[PDB]
Amino acid sequence: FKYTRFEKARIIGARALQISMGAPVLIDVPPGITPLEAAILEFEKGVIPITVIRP
Amino acid sequence: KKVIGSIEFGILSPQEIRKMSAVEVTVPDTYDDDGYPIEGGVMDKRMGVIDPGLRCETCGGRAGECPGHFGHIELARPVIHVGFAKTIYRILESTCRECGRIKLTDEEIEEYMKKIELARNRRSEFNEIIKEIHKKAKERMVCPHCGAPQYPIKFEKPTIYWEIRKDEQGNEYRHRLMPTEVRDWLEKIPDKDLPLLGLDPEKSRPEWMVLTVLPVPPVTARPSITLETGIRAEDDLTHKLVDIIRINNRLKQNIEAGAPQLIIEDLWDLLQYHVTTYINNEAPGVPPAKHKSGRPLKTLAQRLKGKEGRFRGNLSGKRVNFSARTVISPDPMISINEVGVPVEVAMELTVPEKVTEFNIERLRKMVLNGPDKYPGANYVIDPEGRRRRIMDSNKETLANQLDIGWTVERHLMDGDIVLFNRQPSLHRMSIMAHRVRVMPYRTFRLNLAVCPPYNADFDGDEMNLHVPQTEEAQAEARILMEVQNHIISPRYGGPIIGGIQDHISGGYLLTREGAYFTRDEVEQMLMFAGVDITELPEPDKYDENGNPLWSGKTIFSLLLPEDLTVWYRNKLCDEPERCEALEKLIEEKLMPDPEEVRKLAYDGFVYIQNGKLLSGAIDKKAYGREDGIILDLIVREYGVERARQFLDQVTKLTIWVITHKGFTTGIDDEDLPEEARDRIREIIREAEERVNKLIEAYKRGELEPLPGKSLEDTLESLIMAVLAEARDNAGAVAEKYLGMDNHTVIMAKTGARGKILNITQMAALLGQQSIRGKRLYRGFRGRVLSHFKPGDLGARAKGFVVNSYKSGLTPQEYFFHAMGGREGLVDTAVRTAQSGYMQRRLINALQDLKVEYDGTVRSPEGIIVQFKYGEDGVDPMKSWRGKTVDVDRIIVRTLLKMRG
Amino acid sequence: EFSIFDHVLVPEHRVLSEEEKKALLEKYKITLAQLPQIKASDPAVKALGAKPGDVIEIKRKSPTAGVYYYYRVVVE
Amino acid sequence: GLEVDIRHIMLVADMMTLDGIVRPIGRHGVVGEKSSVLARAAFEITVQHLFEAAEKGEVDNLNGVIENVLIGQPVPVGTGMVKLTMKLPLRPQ
RNA sequence: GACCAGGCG
DNA sequence: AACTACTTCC
DNA sequence: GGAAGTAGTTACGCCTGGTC
Ligand SMILES: [Mg+2]
Ligand SMILES: [Zn+2]
Ligand SMILES: [Zn+2]
């Protein structure tokens, strides 16, 4: 399963939005990291709870 | 919360307007003397309030919070809606006068209903069928359902319906159709007949086109401002409504009192004109309603249509918050995906960051700093939604009360993502996402390699900076729009982000034959480029004093991937025999002995082997706006981060080379020896003699026309051909004599800047000037200037400038060159306007087309446009210069990977 | 003698059978209204026995993919 | 001397010849055959399109890009086509 | 607020 | 103004 | 088929000032 650019962007955006509203980070992040960078770190590690559905 | 799923458009019924209204307006006044709105006027508080301090009688909300409410004007006599005028005329001439049926046969009715049910998806077929039905009904004279003559109906410009009847035996008269009888005719139309006329039985009714109740737009939809002079400036809609109310009151008074029919008709026509100009002031064949000053009023139609109208001016494009604009300046020392932001803009624009577990300390520090210090914040928003501006006597308390879940609008800091845009916006690379880097001075900074996508040239250019505010928008920008991507153009599948002028020229000065560098220079350039290195490679030569020297090719190879291998001929190939020898050596085994290649090394044949540059010089072919072989291979075989790293390093390296090695252009760059000057002089002399011979032959009738054109055109074409060939030969002589050690030549042969034509015009003759492809002819009769004999067709007399820029132009040649420059400058603006219009049309036609998950391209209603995008499924951005896959490149790469 | 199919511009046309038309419509999950249309008065249609409501498969001879099949319905 | 990919030309030509006839790209062609009312009214003639749509009672299903921008809703392109799902119980490592 | 004029890329 | 395209009288 | 009429468009920002 290979994510497209748009699927990756949507997943990272949704994860960052969730993190900004108190959803706990699934990994360890450096202090001072912005929520978007935390979501990008989460995606790069590979721990992605959001799943895309296709027709 | 809900989202709009669809919008059904219809015609409002009079009962709908009556019920939706909050007031019936009777008084044609706006405000009283004291300044309060007149009850019953256009500004009645039951339609909403706009003046601060007032209160709405329908909502109870203050100004700016009350949405606005509708009112109605019960018209004394019904009027005709101008928008539906032609529709009413078509319906009138397609339906019976007495019963109202469509005047079509029952068999025709059922057949056309069946054909209406079919072919409804597309508008064009339905419209054509409607026109056919309209023609068939219009031609008919007698209603088939009920025997009755159907007098033909004539229609002048708006709201004038005039059917013609036979008043007397053999004499016919035209009878004007008042809105009352027209509306009654429309009400008599049955519901089963509407679909064949195109009308919807429920969402529309033909009778509702004749409007007897006029809705009044809310106060908030037509605000009035008080001028600094103390007078009140009303909207155009307000004035038009006031006039409509006044005329309606006059008509009602004359109707209830009783007046002669002519005066009543005149007042009715006045009211109809007022309503028509209210709906559409620029309707065909109507005198526009002019303001007291003298300008025409802007009404509903003008509110909607136009480039300044509602749709284009406030819906498709609209002004936005959190944006900045200033002049851009170059900055080679920031990465390609970065932008230098002034401290003023960073302090002004803010990024809303919700405080979390990890950024609590940083947000506390920036709240403590406040709006004054740069790493600070402006506002703090509690979870309840109440916002507090940070100021003195607030910073300590707000920092204490930061907690978790609050919002802090902090200043821009390094790493933030923004949108950067220079907005003549032609392609999608006009907006890319850049990483913020805060800078002292008040100008935007941009890496030089990113200029070609923006078409920016640092001559006063300004670019807009937009700060995304939501985390979803920030992620979208940072993932889809960053400058690391979009290196390859979707237009041609080639590199658009590359070296432009100084990178190319410095690369040539680096990698050319005989270019060597000292140890200090090598270490300094490697540190400047950002290349990480702990040991220099073994030197190539040794100076007369024993000093080690490095070749430029080794330094360039220090920043190439260790697996890369490619060969190609660049623009510096002047002797193809050496290139052929190198290719013959390579083709025998594909892994030639490096020393054997070094024996036959040539500047016009670039040959990289295992990341080591063994032959060739850096050119526009290595990296550039088009046809960057090395950059394309690095971005297609190693990723997009490696391409960015290589681009940054090579740009900095070439900049250092060109800066510390010296690159200049002087007067001597256009000098030619006496032999070259004599050869050019003989070239022009022979060209002029040939033109004279052609003119003499044409004067004696000796010349005969070329096929496809007359004698005059034949002579003109021959003369232009001779002049162009003479210019080409003189340019060839200049190219032969100037040489490759000239800096002006260096930047032209390497594609850094300028063509051979510029050098030809600067060191040799300027050549023939022309407008619209013809010789210069506009001026006096038989000549261009009064300094030439009339009827002269010679070379000099028609625009052939025989001087170089260095040699200086004569006044005649100066005027001719001015004409040429003027034609070019005139061409530019016309071309850009036409191209802009064509691009707008193409975009509005192809906006929504997209690739589905099955690989096809489909229209919004589901129509399949392409069963496989590009007929093979390959995106042009990801393609190899338009090819699906570079087969030979893959074969060579794999064979070298395994056999190597 | 001269058929329009021998022209280099014109790609080869062919009428699909009912089974093939059903397979095509099932493949892309579409209705005949969702296909591109070709007029029944078109010369390529008239050169065949095609009638309105029919699907024509066109061997387009792409420059990028070599061959490429394009489908058009016949309308009046 | 301008280099444009063949695929863009193919897309434009296929959209131009999608109705069985060659039709323009402007208001009397591909744009005029768009189903969305607001998309057509945004391009060039505006009052005519709105009045004629109100006459026939046309519906704008908002399946395109232009109208969704006009109303302020996600466009069905790019990231606007991605449907996301998520299993609720999240356990940090 | 819309009209005009002049510029900038 | 200068282009197109309809429309519409002829 | 004319032969006129009629209508519909004609790049994107940005800045300044001046008058209503
Ligand atoms: Mg510029
Ligand atoms: Zn209100
Ligand atoms: Zn009847």
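Residues numbered from 1 in each chain as written, not as in the entry; some residues may be left out. Chains lettered and ligands numbered in written order. Part of a larger assembly, values for the part shown. Heavy atoms only, no water.

Caption draft 1: Spatial organisation of the overall build of chain A. Of the regular secondary structure elements, chain A holds two helices and one strand. If you list the helices and strands of chain A from N to C, you get α-α-β. Relative to a compact globule of 55 residues, whose C-alpha radius of gyration would be 10 Å, chain A shows 11 Å and is just as compact. When the backbone C-alpha atoms are referred to their principal axes, chain A occupies close to 40 × 20 × 15 Å. When each of the 55 residues of chain A is scored for burial, the buried share is 47%. Look at the contacts in chain A between residues 6 or more apart in sequence, and 49% of them connect residues 24 or more apart. (Helix = DSSP H or I, 4+ residues; strand = E, 2+ residues; numbered from the N terminus. Rg over C-alpha atoms; globule rule 2.2 N^0.38 Å. Buried < 20%, exposed > 50% of the residue type's maximum accessible area, 1.4 Å probe, protein only. Contact = heavy atoms within 4.5 Å.)

Caption draft 2: Quick peek at the protein's contact with DNA strand G. Lining the immediate surroundings of DNA strand G are 15 residues, of which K307, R312, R319 and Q423 of chain B together with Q48 of chain D lie closest. Expressed as a percentage, the sugar and phosphate content of the atoms of DNA strand G within 4 Å of the protein is 84%. Within the side chain of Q423 of chain B, a nitrogen or oxygen atom sits 3.2 Å from a sugar or linking oxygen of DNA strand G. By residue number, the principal contributor to the surface near DNA strand G is helix 27 (residues 811-846) of chain B, which donates four residues. Residue classes in the surface near DNA strand G are distributed as four nonpolar, four polar and seven charged. (Near = heavy atom within 4 Å. Polar contact = N/O pair within 3.5 Å; in protein donor to acceptor, adjacent residues only side chain to side chain. Nonpolar A, V, L, I, M, F, W, Y, C, P; charged D, E, K, R; others polar.)

Caption draft 3: Summary view of the sheet that holds strand 21 (residues 541-542) of chain B. All names here are of chain B. As summarised here, the arrangement of the three strands in space is 20-22-21, forming an open sheet in which the pairing is antiparallel. Bordering the open sheet on either side are strand 20 (516-518) and strand 21, each of which pairs with just one other strand. Pairing of strand 21 with strand 22 (residues 548-551) involves two bridges; the strand directions are antiparallel. What sits directly across from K541, in strand 22, is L549. Against the sheet, helix 17 (residues 519-529) contacts strand 20 and strand 22, and its axis sits at roughly 90° relative to strand 20. (Pairing = 2+ DSSP bridges. Axes fitted to C-alpha atoms, helices over the stretch in contact; angles between N-to-C directions.)

Caption draft 4: Highlighting the protein's contact with RNA strand E. What surrounds RNA strand E is the set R422, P424, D457, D459, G460 and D461 of chain B. Side-chain polar atom of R422 of chain B to a sugar or linking oxygen of RNA strand E: 2.5 Å apart, as the coordinates give it.

Caption draft 5: Geometry of the interface of chain B and chain A. Each partner contributes residues to the interface: chain B has 14 residues there, and chain A has 26 residues. Carbon and sulfur atoms make up 69% of the area that chain B and chain A hide from each other, which totals about 1900 Å². Taken together, the links from chain B to chain A amount to one salt bridge. At the boundary of chain B with chain A, the tally comes to four residue pairs in polar contact. Secondary structure elements with two or more residues in the side of chain B that touches chain A: strand 12 (350-354) and helix 15 (471-480) of chain B. For the side of chain B that touches chain A, the element with the most residues is helix 15 of chain B, which contributes seven residues. (Buried area = accessible area lost by both parts, 1.4 Å probe. Salt bridge = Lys/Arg side-chain N within 4 Å of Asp/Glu carboxyl O.)

Caption draft 6: Seen up close, the coordination of the zinc ion (ligand 3). Residues and elements named next belong to chain B. Within the protein, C96 (SG), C99 (SG), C143 (SG) and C146 (SG) serve as the donor atoms for the zinc ion (ligand 3), at 2.3 Å. One can describe the site at the zinc ion (ligand 3) as tetrahedral: its four donor atoms subtend angles covering 103 to 113° at the metal. Using a relative accessible area of 23% as the deciding quantity, one classes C99 as partly exposed. The buried category is assigned to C143, whose relative accessible area is 4%. (Donors = N, O, S within 2.8 Å, 3.2 Å for Na, K, Ca; no water. Tetrahedral: all angles 85-135°; square planar, octahedral: opposite > 155°, others 65-115°.)

Caption draft 7: Inspection of the pairing of strand 1 (residues 50-53) of chain A at higher detail. Alternating residues of strand 1 of chain A divide into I50 and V52 of chain A, all buried, and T51 and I53 of chain A, none buried. Across four bridges, the pairing between strand 1 of chain A and strand 2 (residues 83-86) of chain D is antiparallel. Among the inter-strand pairings, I53 of chain A is bridged to a residue of strand 2 of chain D, identified as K83 of chain D.

Caption draft 8: Layout of the coordination of the zinc ion (ligand 2). Residue and element names in this part refer to chain B. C56 (SG), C59 (SG), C66 (SG) and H69 (NE2) make up the full set of protein donors to the zinc ion (ligand 2), lying at 2.1 to 2.3 Å. Note that the zinc ion (ligand 2) binds four donor atoms; their angles at the metal cover 55 to 124°, and the shape is irregular. As a motif over one chain, the donors of the zinc ion (ligand 2) read C-x2-C-x6-C-x2-H. Of this pair, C56 sits in the loop between strand 2 (23-24) and strand 3 (71-80) while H69 sits in the loop between strand 2 and strand 3, and the two are 13 residues apart along the sequence. Residues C56 and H69 agree in their burial class; the two are buried.

Caption draft 9: Just the interface of chain B and chain D, in detail. Between chain B and chain D, the contact holds 71 residues from the first and 56 residues from the second. Interface area lost by chain B to chain D is led by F9, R123 and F311 of chain B, which between them contribute 15%. Between chain B and chain D we count seven salt bridges in total. Across the salt bridge formed by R7 of chain D and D872 of chain B, the nearest N and O atoms sit 2.8 Å from each other. In this assembly, chain B and chain D are joined by 20 residue pairs in polar contact. Ranked by the residues each element gives to the side of chain B that touches chain D, the list is headed by helix 27 of chain B, at seven residues.

Caption draft 10: Spotlight on the nonpolar core. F420, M525, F556, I630 and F646 of chain B are the most contacted members of the largest nonpolar core, which totals 75 residues. Looking at this core element by element, the count peaks at eight residues for helix 22 (residues 641-661) of chain B. Excluding residues within four positions of it along the chain, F646 of chain B makes contact with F556, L559, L560, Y623, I630, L631 and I634 of chain B. Judged by nonpolar contacts, the second largest core, of 44 residues, contains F9, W208 and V210 of chain B together with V37 of chain D. (Core = buried A, V, L, I, M, F, W, Y, C linked by side-chain atoms within 4.5 Å.)

Caption draft 11: Representation of the packing of aromatic side chains within the structure. The full count for this structure, using the stated rule, is 14 aromatic pairs over all chains. Note on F867 of chain B and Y70 of chain C: the rings are 5.4 Å apart at their centroids and 90° apart in plane angle, and the pair reads as edge-to-face. Of the two residues, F867 of chain B is situated in the loop between strand 32 (864-866) and helix 28 (887-899) and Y70 of chain C in strand 4 (residues 69-75); the pairing between them involves two chains. Where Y68 of chain C meets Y70 of chain C, the ring centres are 6.2 Å apart and the plane angle is 55°; that geometry is what we call tilted. (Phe/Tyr/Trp six-rings, centres within 6.5 Å; stacked < 30°, edge-to-face > 60°.)

Caption draft 12: How the structure looks around the packing of helix 7 (residues 236-257) of chain B against helix 8 (residues 261-279) of chain B. Residues and elements named next belong to chain B. At a minimum axis distance of 10 Å, the contact between helix 7 and helix 8 shows a crossing angle of 160°. One element, helix 7, and the other, helix 8, form an angle in the roughly antiparallel class. In terms of crossing hand, the pair formed by helix 7 and helix 8 is left-handed. Across the interface between the two elements, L237, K240, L241, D243, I244, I247, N248, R250, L251, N254 and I255 of helix 7 pack against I263, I264, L267, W268, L270, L271, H274, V275, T277 and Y278 of helix 8. Within the contact of helix 7 with helix 8, the residues separate by chemical class into 14 nonpolar, four polar and three charged. (Parallel < 35°, antiparallel > 145°, perpendicular 65-115°, else oblique. Left-handed = near helix turned anticlockwise from the far one by under 90°.)

Caption draft 13: Spotlight on the pattern of salt bridges. The final tally for this structure, using the stated rule, is 72 salt bridges over all chains. Where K806 of chain B meets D671 of chain B, a salt bridge forms, and the shortest distance between an N and an O atom there is 2.3 Å. Taken as a pair, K806 of chain B in the loop between strand 29 (800-801) and helix 27 and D671 of chain B in the loop between helix 22 and helix 23 (674-699) lie far apart in primary sequence, 135 residues in all. When its relative accessible area of 37% is taken as the criterion, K806 of chain B is described as partly exposed. Classification of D671 of chain B by relative accessible area gives partly exposed; the value is 35%. Notably, a salt bridge pairs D19 of chain D with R23 of chain D, separated by 3.1 Å at the nearest N-O pair. This pair shows no difference in class: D19 of chain D is buried, exactly as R23 of chain D is. Several salt bridges share partner residues, and in doing so they unite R122 of chain B, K39 of chain C together with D19, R23 and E33 of chain D into one network.

Caption draft 14: Structural context of the side chain of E33 of chain D. Within the secondary structure, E33 of chain D sits in the loop between helix 1 (6-16) and helix 2 (37-42). We classify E33 of chain D as buried; its relative accessible area is 11%.

Caption draft 15: Inspection of a positive patch on the surface at higher detail. Together, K2 and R5 of chain A together with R428 and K878 of chain B give the surface a local cluster of positive charge. Checked against the element boundaries, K2 of chain A lands in the segment before helix 1 (5-20). (Patch = residues over 30% accessible without salt bridge, like charges linked within 9 Å, V, L, I, M, F, W, Y side chains within 5 Å. Areas by Shrake-Rupley, 256 points an atom, 1.4 Å probe, with all protein chains shown as cover. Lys, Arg positive; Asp, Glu negative; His and termini not counted. Charge placed at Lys NZ, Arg CZ, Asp CG, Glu CD.)

Caption draft 16: Spotlight on the sheet that holds strand 5 (residues 160-168) of chain B. Residues and elements named next belong to chain B. Spatial strand order, 4-5-6: three strands in an open sheet with antiparallel pairing. Pairing within the sheet leaves two strands with one partner each, and these edge strands are strand 4 (153-156) and strand 6 (171-176). Averaged over all adjacent pairs, the angle separating strand axes in this sheet is 35°, with direction ignored. Pairing between strand 4 and strand 5: four bridges, direction antiparallel. In the strand pairing of strand 5, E156 is matched with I160.

Caption draft 17: A look at empty space enclosed by the protein. By the definition in use, this model includes four cavities of 30 Å³ or more. Roughly 170 Å³ of volume is contained in the largest cavity. Along the walls of the largest cavity sit 15 residues, with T34 and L36 of chain A together with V351, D416 and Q474 of chain B positioned nearest its centre. Taken together, the elements giving at least two residues each to the lining of the largest cavity come down to helix 2 (35-45) of chain A together with strand 12 and helix 15 of chain B. (1 Å grid on protein atoms, 1.4 Å probe; cavity = no way out; pocket = protein on both sides within 12 Å on 5 of 7 lines; lining within 4 Å. Points joined across faces, edges and corners; volume = space filled by probe spheres on them.)

It is worth stressing that arrangement in space is one thing and function is another; only the former is reported here.
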